[PDB]
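Okay, structure first, notes after.
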Amino acid sequence: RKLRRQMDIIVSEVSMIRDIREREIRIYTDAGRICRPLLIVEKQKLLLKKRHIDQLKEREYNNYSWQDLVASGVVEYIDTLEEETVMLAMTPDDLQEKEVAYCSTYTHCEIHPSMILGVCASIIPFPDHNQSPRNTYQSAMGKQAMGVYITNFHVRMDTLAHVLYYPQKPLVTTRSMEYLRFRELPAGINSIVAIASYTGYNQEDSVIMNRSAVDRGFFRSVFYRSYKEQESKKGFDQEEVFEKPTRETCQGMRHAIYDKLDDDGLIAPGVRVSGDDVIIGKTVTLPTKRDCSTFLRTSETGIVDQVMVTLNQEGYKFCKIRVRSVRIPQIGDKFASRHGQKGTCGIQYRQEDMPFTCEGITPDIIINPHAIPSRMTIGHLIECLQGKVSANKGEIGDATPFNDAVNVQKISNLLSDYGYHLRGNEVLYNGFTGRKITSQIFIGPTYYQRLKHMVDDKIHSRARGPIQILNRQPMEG
Amino acid sequence: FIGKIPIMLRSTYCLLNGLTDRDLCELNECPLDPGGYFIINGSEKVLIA
Amino acid sequence: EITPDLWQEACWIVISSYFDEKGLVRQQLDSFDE
Amino acid sequence: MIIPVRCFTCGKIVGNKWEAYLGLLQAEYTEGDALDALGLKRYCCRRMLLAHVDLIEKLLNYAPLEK
Amino acid sequence: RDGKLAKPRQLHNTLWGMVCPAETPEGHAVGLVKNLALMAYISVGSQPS
Amino acid sequence: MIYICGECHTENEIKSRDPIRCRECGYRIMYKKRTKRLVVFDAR
Amino acid sequence: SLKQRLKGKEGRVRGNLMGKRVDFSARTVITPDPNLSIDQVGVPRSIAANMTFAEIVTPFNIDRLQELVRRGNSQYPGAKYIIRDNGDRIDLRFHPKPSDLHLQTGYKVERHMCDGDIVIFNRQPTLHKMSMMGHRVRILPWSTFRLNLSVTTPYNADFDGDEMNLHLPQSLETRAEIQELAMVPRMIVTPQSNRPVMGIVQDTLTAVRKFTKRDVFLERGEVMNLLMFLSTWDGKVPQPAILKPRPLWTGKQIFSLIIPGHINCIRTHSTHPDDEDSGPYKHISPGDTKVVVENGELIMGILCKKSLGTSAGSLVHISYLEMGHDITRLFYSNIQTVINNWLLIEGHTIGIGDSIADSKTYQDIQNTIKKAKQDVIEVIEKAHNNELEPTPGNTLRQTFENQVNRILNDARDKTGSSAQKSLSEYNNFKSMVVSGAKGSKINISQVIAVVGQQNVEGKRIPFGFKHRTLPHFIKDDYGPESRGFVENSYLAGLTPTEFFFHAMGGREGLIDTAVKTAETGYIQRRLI
Amino acid sequence: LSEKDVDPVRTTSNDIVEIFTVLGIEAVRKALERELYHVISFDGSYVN
Amino acid sequence: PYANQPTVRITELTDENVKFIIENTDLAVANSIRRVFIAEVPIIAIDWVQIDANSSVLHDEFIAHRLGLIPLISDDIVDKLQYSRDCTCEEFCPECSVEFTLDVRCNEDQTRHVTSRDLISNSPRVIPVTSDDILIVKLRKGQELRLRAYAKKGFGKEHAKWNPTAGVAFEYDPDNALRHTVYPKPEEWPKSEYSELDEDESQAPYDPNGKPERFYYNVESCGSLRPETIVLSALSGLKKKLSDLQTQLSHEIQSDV
Amino acid sequence: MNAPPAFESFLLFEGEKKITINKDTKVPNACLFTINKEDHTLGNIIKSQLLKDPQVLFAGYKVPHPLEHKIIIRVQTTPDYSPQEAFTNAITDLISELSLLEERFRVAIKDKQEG
Amino acid sequence: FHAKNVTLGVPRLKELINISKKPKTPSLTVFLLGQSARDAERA
RNA sequence: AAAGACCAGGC
Ligand SMILES: [Mg+2]
Ligand SMILES: [Zn+2]
Ligand SMILES: [Zn+2]
Ligand SMILES: [Zn+2]
């Protein structure tokens, strides 16, 4: 252990296991072992001292980093079967000091207990207040949240690129989000969410969204679709040519328009293209001509964003065309918070119809209160309260899972200092009649994500269309 | 020459290794791109452990 | 020389140092380099 | 991306207040004091600048398609 | 994934700190596809010389 | 018919059935030089 | 091979004869529409324009069908094809076709779907016959199917990316048969369990529970506003329960108008105690519990899932068995509309305040938890010194686990009862629970007092490591904390070990859910 | 059932095949009915 | 069977805010005035956008969306201008629209902020609220943005770009005397800024005979319309809607009789 | 693709009548008003104003479906007082109220500036 | 999961439906006629 | 553009 700590002969990756009762000592140097760093505890004191933290605050232009911390014998990499013989503590300031005797032979201490979570699960604010199924659901849905997936998307030409108009970093954030680079590439917009029953259109899991906010760019996004075409020479006199076919030069012809194409059969960007419009004009010389042009997907109604032409591996002409279409959130789109609270948009009400506070605040999203009890997302309510506190305070809330220094009572006392009800409730006036709603509605900013699942891509209708060649039955898909 | 081995992006032998944010932007590559994936026929492939 | 009641800063500082040194996809890069 | 005008909830002009907010943060004020100085009282407006991330600067690093 | 054995799919105590307990797909792949924790590192291998 | 190169961003006129090589750079990727035909956008 | 073509699922027989892809079928996401009727389904205009119904031109309808043909395929209320007597197809999509627009008796014109059309509406998987019921088309804007929320229960649906099938019958015979067999009102009551599948659920149920209490008094204007949403109202305003000093109708008094005809039913509210029936006030009900409906009027009592829900002898069940399917459909729709529009006035919510108990309650819960932990420690020590006598039929470990689980369950039950007894009448968790709309008492217990013991395979958390649950615990630690009992509640937040144990329990639940799959589907298929 | 002081009337078994080999086929009908009712009504649900 | 007589007191009047109290009127009247503040008030906003060259990193419809939300000074000629639907001319004419032209190219190395000041209008009466500067897009050297836009006349029902007001605060019965909402714990609710009771007590005693009156208002303009002209135009528009309803009802009554 | 245009809440294309008067046969002296392309802004106003009339026995408004832009107003009046006359009187009442309110608000505004 | 363990739910339904030759938990309840029913010693 | 394989995902 001393050699591994000093990294003289044994690298920190190698693990040492002492099975005391079975008298075996096993040392593993093979690849594939899973391991995590852990602080070393000597007697009841950490080996992390104040000087290490002081140097790490100075990490910039000091040439002192995590590697030097490992080389000081302070942290240690421990695998699963070396974790067998170790005794860990949650936090030093709780489990190392003397108390009613439980244990005193602590050999290691965890850096922070929130490190047990993965990438997608670390974005959940207050994940310890949630039912574990809801945490799993949010971890699954976070991959589907729309946003700026990459900064150089303008140069990438890939199918199904979803980019959100105005991503926002969450009001209530976790300290792990900094290391996920989530601040620079957020997926979702903080939204004033009032958990209330308003018109019954948010019932079950559905939500009610502010139409006026939607008109202002709220949860508006772009859908980029890319089309690739390959020129090729397969037959002797058979070849692929990029060109604009005329009315009668080819044998096969579809009633779709071809006038939008340029001289090479490629539409320049800035051309609005609807369903059945031709993207690339390509013909086949049959051993007169055969038209194999590429058309739009049905009812996309987008605008050609970027057109790129190059040479493939073989040296033939290769064309990629990216078509963009702006999709305003409809009442079929799928929206989910950071707690597994998912649902579609029941209906969109304008600012006039939505309920309003004494200050004129109208919720951007209304979710049915019936979701919370059975689905067990208390962290959703706590995040809403913390966001309401932080928007007034001007700071960004800290929702690290295991803080012990952020109580719901403390957040309530913080909120009560800003002239609001300490529990987050707020009196709402009916949008239609103007009468006070007898119950006081729990309203506050909550981080919500627009999911890739949208109604325009899912709606389908069939009436005597194409049939399979073999079964003579309707096609699949 | 016995063949060509696909190169995981941003590894030691990748062309993007050791380049700063400005360098990556000059070559139209996202600085935030974590790398660690392969590019085969233009498709980004990631090996699952 | 110890860090009592200041742990919330120190632990996240060392975590910041760790993720600055390695990153999130250090496993793939290390395996491929090896 | 870029700071959106017309705060979603109410519609107050926040598209012109991003540069001033950044300056106030850069020189003296904390975030809350800067938002108060900008006159953003309702928390719907304060979350509009406070949570904003300016990816427009990152997008400007890449060379333009046409010189 | 088609196998109805539920034991391998369960969250084992050994997954603490190394594999995310919450993040896992829902469906036939529940518990069989695991995402890595933030601090987890995979041993790259070394010669035991 | 003008394409735009991906490195030097210089305008070069090439036609069908000739190869893609931007002059003075020898680059294989071009772009379409957004059209001149106007398209109307609604501000909603 | 041919055997492979014929044998398995997606083979010839199973994949192309017992089941097959069909024409005139549409599918899209569903969103709730409480303002639709029970048997109505919202259909987007594009879906209705694509799907067509063949109609035979007769002297009665030749003018209307001629107008539809004139409108063509472009305008929505039009026609797609014209079928001549010889069977050849005429397409109205390609150019006006002026010579072929003529219609004479005997032709078939394939008009677009219009309001009032009868369609099959299905959500897969189809577990029972109520999972596929005939609906009535109502064209609405945007691109989502919309159904009444009492129809949600039969399909087992929820409006979060749920996707529903729409089959349009193409013949008058099939349409009439589906109308007289599979209409949604005709499928209210189930032969499986002789109970109604459809009930008042979610917002309407909670708002009914709050609306029916004695304290609900409604002014003149509110009563007039509510009454217009009653489809079966006779236009005669009932005399208010209070005439002086000011007129004030009561929630029960207005709800009595919704009750169709003369329905007699007696139910009990969820909060109804068993002491009332034995002692006095049996017919006075000081808490206004129980339910008595006489002559189609709500005499007294507060309604909940026990009255309007899906249960044998429920008020809606009595309405169906007494009046009929059409009147019960109207009863459903009237309840939904009028109660939602009254909830527009009263309103409902959930929040932090509903999940927070009094400090005295927190102290009592903490004292109970400490006492439970002390008892568990005492039991562990007794087992250590071998005074623990094993119960017959059980080993020492078995009886020790039984005693520990008994202590922990007693603690959790006591803490839950203590938390619930502290809930004010305004608390919305209690409102949802007593209304029966959603949630349970254990939900409130886990919210406020204690999450409870976490189990894997019916046992406390196993020793994944060498006789220890996690590296943080000592070996051979059978205490509540080490073996998975969670002292904290969701409001308080779980400790990291408790968080991981809760994660393991949730993983077990998710495995069960993802398994509730192929084998039960196999049971269904084999049985039928 | 053959053992003394054991009730020959009310003594049953949950397994079905042995009842077929022992008590006949109508006894199997009744016993299978009871077993199905027990497995269904255990959760509290009711089936006609 | 006749009107009660409302009175108006105005507490605060600025270039951005108007705080007034309407007394002696029905709840529905105040609520519909508040609704018309948002929906039915006419205003001038950009609706028709044509982009000639756009080398910016924001796509065309993104820039059009940002332009349409830019408020335009509509204090005077919004009444003179006519809806394009009702206008005699096809497309757009000066009597039915206002033409805006933007022509910006970034030549210097430092990033250039394209702001509302870059919008050039044909008429001096409509200015994009610049007597800071509303940011449209940021241009790097070599990027260019040239577009032509026409501004139409519309109201909040069509699109939120035609909303003339920021958050319109409405409040009646600040001291809960009508019990339109019941506080489970009255002591933990902050008192309204219009509260008329002492700090010792929480709410006013219940008033069985009372009805909602003295509706407190706070209308915050977006700068496109002066906040007093917002209320004037709201009252005028609601009166016009009611008068049109009167005309149609009278015509129907004569036709049916 | 199914999104209705923006001008479906107020604009009337060809065919629709702004207001439609249908008698109610269930009770004497009751009428049903169907107002096309209108919302709660007018319905709540009409409902509140009608209730002030002592000769109005029933008054209210409803929106049959929010996705559609329609209002049904049901008015019942005492004998020898037609509901159409009640609606006309309510509308004229509202005209007078709004004119008077605008007049007083303009006076208050003028007083506030330099007063 | 829910000694005297008995297979219940879907596995028990499969056992009954498939007429399994060997049930997972084959049990047999016994009732007593005489004093064995009352007295624990004879039981 | 047919028929396969694989993967990811929704309920
Ligand atoms: Mg669902
Ligand atoms: Zn705002
Ligand atoms: Zn070049
Ligand atoms: Zn004009």
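Each chain of the structure tokens is named A, B, ... in the order shown, its residues numbered from 1; ligands are numbered from 1 in display order.
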Can you work out which residues are within 8 Å of ligand 2, considering only C-alpha atoms (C1' of nucleotides) and all ligand atoms, and then hand them over as a ChimeraX atom specification?
/A:361 /D:6-12,40,42-46,48 /I:166-167
Taking only C-alpha atoms (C1' of nucleotides) and all ligand atoms and a cut-off of 8 Å, can you tell me which residues surround ligand 4, written as number ranges by chain?
I: 82, 84, 87-97
Using only C-alpha atoms, determine which residues of chain F fall within 6 Å of chain A; present them as number ranges by chain.
F: 28-32, 34-35
Keeping only N, CA and C atoms, write the selected residues to a file as a PDB file, in the first residue's frame.
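The resulting file, result-v6.pdb, is shown below:
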```
ATOM      1  N   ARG F  28     -11.797  19.442 -51.316  1.00  0.00           N
ATOM      2  CA  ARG F  28     -12.774  18.564 -51.945  1.00  0.00           C
ATOM      3  C   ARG F  28     -14.216  18.835 -51.531  1.00  0.00           C
ATOM      4  N   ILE F  29     -14.473  19.818 -50.672  1.00  0.00           N
ATOM      5  CA  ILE F  29     -15.812  20.061 -50.145  1.00  0.00           C
ATOM      6  C   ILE F  29     -16.246  21.461 -50.545  1.00  0.00           C
ATOM      7  N   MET F  30     -17.455  21.572 -51.087  1.00  0.00           N
ATOM      8  CA  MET F  30     -18.014  22.833 -51.539  1.00  0.00           C
ATOM      9  C   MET F  30     -19.360  23.072 -50.871  1.00  0.00           C
ATOM     10  N   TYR F  31     -19.896  24.270 -51.083  1.00  0.00           N
ATOM     11  CA  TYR F  31     -21.221  24.633 -50.610  1.00  0.00           C
ATOM     12  C   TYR F  31     -21.924  25.445 -51.688  1.00  0.00           C
ATOM     13  N   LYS F  32     -23.240  25.562 -51.553  1.00  0.00           N
ATOM     14  CA  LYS F  32     -24.109  25.869 -52.680  1.00  0.00           C
ATOM     15  C   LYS F  32     -24.355  27.357 -52.902  1.00  0.00           C
ATOM     16  N   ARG F  34     -26.081  30.199 -51.181  1.00  0.00           N
ATOM     17  CA  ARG F  34     -27.529  30.353 -51.034  1.00  0.00           C
ATOM     18  C   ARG F  34     -28.166  31.179 -52.145  1.00  0.00           C
ATOM     19  N   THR F  35     -29.309  30.685 -52.624  1.00  0.00           N
ATOM     20  CA  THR F  35     -29.954  31.144 -53.846  1.00  0.00           C
ATOM     21  C   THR F  35     -30.318  32.626 -53.772  1.00  0.00           C
TER      22      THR F  35
END
```
Taking only C-alpha atoms (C1' of nucleotides) and all ligand atoms into account, which residues have an atom no farther than 12 Å from ligand 3? I'd like them as an MDAnalysis selection string.
(chainID D and resid 65:67) or (chainID F and resid 3:13 20:31)
Check every protein, DNA and RNA residue against ligand 1, keep those with an atom at most 7 Å away (counting only C-alpha atoms (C1' of nucleotides) and all ligand atoms), and present them as a list in words.
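The distance check yields residues 157, 158, 159, 160, 161 and 162 of chain G; 11 of chain L.
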If we count only C-alpha atoms (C1' of nucleotides) and set the cut-off at 12 Å, which residues sit around residue 36 (chain D), ignoring sequence neighbours fewer than 3 positions away in its own chain? Please answer as JSON, numbers by chain.
{"A": [391, 392, 393, 394], "D": [17, 20, 21, 24, 25, 29, 30, 31, 32, 33, 39, 40, 41, 42, 43, 45, 46, 49, 50]}
Interface list for chain E, partner chain A, 7 Å threshold, only C-alpha atoms, as a list in words
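On the chain E side, the interface is residues 14, 16, 17, 18, 19, 20, 21, 22, 23, 24, 25, 35, 36, 37, 38, 39, 40, 41, 42, 43, 44, 45, 46, 47 and 48 of chain E.
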Residue 2 (chain C) environment, 12 Å, only C-alpha atoms (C1' of nucleotides), sequence neighbours closer than 3 positions dropped, as a PyMOL selection string
(chain A and resi 44-54+92-93) or (chain C and resi 5-7+10)
Do a neighbour search on residue 39 (chain J) at 10 Å with only C-alpha atoms (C1' of nucleotides), toss out local chain neighbours closer than 3 positions, and write the hits as a ChimeraX atom specification.
/A:353,432 /J:9-10,35-36,42-44,61-63,66,68-71
Env of region 28-42 of chain I: 6 Å cut, atoms = only C-alpha atoms (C1' of nucleotides), seq-sep filter 3 positions within chain, self excluded. Answer as JSON, numbers by chain.
{"A": [352, 434], "I": [154, 155, 156, 157, 163, 233, 234], "J": [41, 44, 45]}
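Interatomic distance, CA of residue 27 (chain K) against CA of residue 520 (chain G): 24.4 Å.
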Mind giving me the straight-line distance from CA of residue 308 (chain G) to CA of residue 179 (chain G) in Å, one decimal?
25.8 Å
Please extract the residues of chain K with a backbone DSSP assignment of alpha helix (DSSP H) and present them as a PyMOL selection string.
chain K and resi 10-18+35-38
Please, what distance in Å, to one decimal, runs between CA of residue 51 (chain I) and CA of residue 64 (chain I)?
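Between CA of residue 51 (chain I) and CA of residue 64 (chain I) the gap is 8.3 Å.
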Just want the 7 Å neighbourhood of region 131-137 of chain G, counted on only C-alpha atoms (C1' of nucleotides), with same-chain residues fewer than 5 positions away dropped. Output as a ChimeraX atom specification.
/G:39-43,114-123,126,154-155,178-179,182-184
Could you write out as a list in words the residues of chain H within 7 Å of chain K, counting only C-alpha atoms?
residues 5, 6, 7, 10, 11, 12, 13, 14, 15, 17 and 39 of chain H
Output N, CA, C and O atoms of each residue in that selection to a file, as a PDB file, in the first residue's frame.
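Saved as out-v1.pdb:
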```
ATOM      1  N   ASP H   5     -57.771 -40.023  12.195  1.00  0.00           N
ATOM      2  CA  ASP H   5     -57.972 -38.692  12.759  1.00  0.00           C
ATOM      3  C   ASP H   5     -57.755 -37.596  11.722  1.00  0.00           C
ATOM      4  O   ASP H   5     -57.713 -36.411  12.065  1.00  0.00           O
ATOM      5  N   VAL H   6     -57.625 -37.976  10.460  1.00  0.00           N
ATOM      6  CA  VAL H   6     -57.536 -37.022   9.363  1.00  0.00           C
ATOM      7  C   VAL H   6     -58.886 -36.975   8.668  1.00  0.00           C
ATOM      8  O   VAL H   6     -59.441 -38.018   8.304  1.00  0.00           O
ATOM      9  N   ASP H   7     -59.417 -35.774   8.487  1.00  0.00           N
ATOM     10  CA  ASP H   7     -60.747 -35.626   7.914  1.00  0.00           C
ATOM     11  C   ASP H   7     -60.734 -36.078   6.461  1.00  0.00           C
ATOM     12  O   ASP H   7     -60.024 -35.480   5.643  1.00  0.00           O
ATOM     13  N   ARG H  10     -62.799 -32.892   4.111  1.00  0.00           N
ATOM     14  CA  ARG H  10     -62.337 -31.530   3.891  1.00  0.00           C
ATOM     15  C   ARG H  10     -60.861 -31.434   3.535  1.00  0.00           C
ATOM     16  O   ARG H  10     -60.393 -30.343   3.200  1.00  0.00           O
ATOM     17  N   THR H  11     -60.121 -32.536   3.577  1.00  0.00           N
ATOM     18  CA  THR H  11     -58.694 -32.501   3.289  1.00  0.00           C
ATOM     19  C   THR H  11     -58.454 -32.423   1.787  1.00  0.00           C
ATOM     20  O   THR H  11     -58.839 -33.327   1.041  1.00  0.00           O
ATOM     21  N   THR H  12     -57.815 -31.341   1.344  1.00  0.00           N
ATOM     22  CA  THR H  12     -57.548 -31.132  -0.070  1.00  0.00           C
ATOM     23  C   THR H  12     -56.076 -30.805  -0.263  1.00  0.00           C
ATOM     24  O   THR H  12     -55.338 -30.603   0.705  1.00  0.00           O
ATOM     25  N   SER H  13     -55.659 -30.757  -1.524  1.00  0.00           N
ATOM     26  CA  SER H  13     -54.312 -30.359  -1.901  1.00  0.00           C
ATOM     27  C   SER H  13     -54.379 -29.363  -3.048  1.00  0.00           C
ATOM     28  O   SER H  13     -55.296 -29.395  -3.873  1.00  0.00           O
ATOM     29  N   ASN H  14     -53.391 -28.469  -3.100  1.00  0.00           N
ATOM     30  CA  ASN H  14     -53.407 -27.430  -4.122  1.00  0.00           C
ATOM     31  C   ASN H  14     -53.030 -27.962  -5.498  1.00  0.00           C
ATOM     32  O   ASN H  14     -53.493 -27.425  -6.509  1.00  0.00           O
ATOM     33  N   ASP H  15     -52.193 -28.993  -5.564  1.00  0.00           N
ATOM     34  CA  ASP H  15     -51.798 -29.540  -6.853  1.00  0.00           C
ATOM     35  C   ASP H  15     -52.980 -30.245  -7.503  1.00  0.00           C
ATOM     36  O   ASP H  15     -53.834 -30.813  -6.816  1.00  0.00           O
ATOM     37  N   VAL H  17     -52.991 -32.398 -10.595  1.00  0.00           N
ATOM     38  CA  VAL H  17     -52.859 -33.696 -11.255  1.00  0.00           C
ATOM     39  C   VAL H  17     -53.145 -34.829 -10.281  1.00  0.00           C
ATOM     40  O   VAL H  17     -53.816 -35.813 -10.622  1.00  0.00           O
ATOM     41  N   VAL H  39     -56.022 -17.711  -6.579  1.00  0.00           N
ATOM     42  CA  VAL H  39     -54.933 -16.969  -7.206  1.00  0.00           C
ATOM     43  C   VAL H  39     -55.431 -15.641  -7.761  1.00  0.00           C
ATOM     44  O   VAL H  39     -54.656 -14.685  -7.886  1.00  0.00           O
TER      45      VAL H  39
END
```
May I have the residues of chain A within 6 Å of chain G, counting only C-alpha atoms, written as a short mmCIF file (atom, residue, chain, number, x, y, z; two decimals) with C-alpha atoms, in the first residue's frame?
```cif
data_model
loop_
_atom_site.label_atom_id
_atom_site.label_comp_id
_atom_site.auth_asym_id
_atom_site.auth_seq_id
_atom_site.Cartn_x
_atom_site.Cartn_y
_atom_site.Cartn_z
CA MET A 87 -14.28 0.50 5.47
CA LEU A 88 -15.65 3.79 4.16
CA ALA A 89 -17.36 6.85 5.63
CA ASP A 128 -32.86 11.85 -2.95
CA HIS A 129 -36.36 13.33 -2.57
CA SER A 132 -36.16 5.65 -7.48
CA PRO A 133 -38.35 4.75 -10.51
CA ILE A 195 -49.20 22.94 -10.24
CA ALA A 196 -52.95 23.38 -10.46
CA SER A 197 -56.14 21.97 -11.95
CA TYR A 198 -57.35 24.67 -14.30
CA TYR A 201 -56.83 19.62 -20.11
CA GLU A 204 -53.61 12.45 -16.23
CA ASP A 205 -49.98 13.30 -17.14
CA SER A 206 -50.73 16.05 -19.66
CA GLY A 332 -48.98 16.95 -29.04
CA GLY A 343 -46.62 14.46 -20.34
CA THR A 344 -47.99 15.97 -23.51
CA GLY A 346 -53.14 19.26 -23.34
CA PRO A 369 -51.41 18.07 -9.13
CA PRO A 373 -48.81 11.88 -4.98
CA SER A 374 -48.74 8.51 -6.75
CA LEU A 381 -41.84 20.44 -5.53
CA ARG A 423 -44.52 27.22 1.27
CA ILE A 437 -59.27 30.82 -7.16
CA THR A 438 -60.42 29.55 -3.77
CA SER A 439 -57.39 27.31 -3.39
CA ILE A 441 -51.87 27.58 -6.27
CA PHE A 442 -48.30 26.34 -5.85
CA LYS A 458 -45.91 10.40 -35.04
CA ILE A 459 -49.24 11.19 -36.75
CA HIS A 460 -50.18 8.77 -39.53
CA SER A 461 -53.23 8.03 -41.67
CA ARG A 462 -53.74 5.23 -44.19
CA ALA A 463 -56.27 4.85 -47.02
CA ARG A 464 -55.49 2.42 -49.86
CA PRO A 474 -50.42 -2.75 -46.67
#
```
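Residues from chain K found within 8 Å of chain G are residues 1, 2, 3, 10 and 14 of chain K, counting only C-alpha atoms.
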Restrict the selected residues to N, CA, C and O atoms and save them as a JSON list (two decimals), in the first residue's frame.
```json
[["chain", "number", "residue", "atom", "x", "y", "z"],
["K", 1, "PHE", "N", -43.75, -12.47, -3.66],
["K", 1, "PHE", "CA", -42.98, -12.90, -2.50],
["K", 1, "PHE", "C", -43.83, -13.00, -1.24],
["K", 1, "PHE", "O", -43.84, -14.06, -0.60],
["K", 2, "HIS", "N", -44.54, -11.93, -0.90],
["K", 2, "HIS", "CA", -45.44, -11.86, 0.26],
["K", 2, "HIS", "C", -44.93, -12.59, 1.50],
["K", 2, "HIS", "O", -45.70, -12.93, 2.40],
["K", 3, "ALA", "N", -43.58, -19.86, 7.95],
["K", 3, "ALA", "CA", -43.27, -20.01, 6.53],
["K", 3, "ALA", "C", -44.53, -20.27, 5.73],
["K", 3, "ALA", "O", -45.28, -19.34, 5.42],
["K", 10, "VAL", "N", -48.82, -14.81, -11.08],
["K", 10, "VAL", "CA", -48.58, -15.32, -12.43],
["K", 10, "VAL", "C", -47.94, -16.71, -12.44],
["K", 10, "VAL", "O", -48.36, -17.55, -13.25],
["K", 14, "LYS", "N", -49.65, -19.91, -14.19],
["K", 14, "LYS", "CA", -49.00, -20.77, -15.18],
["K", 14, "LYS", "C", -49.04, -22.23, -14.76],
["K", 14, "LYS", "O", -49.26, -23.11, -15.60]]
```
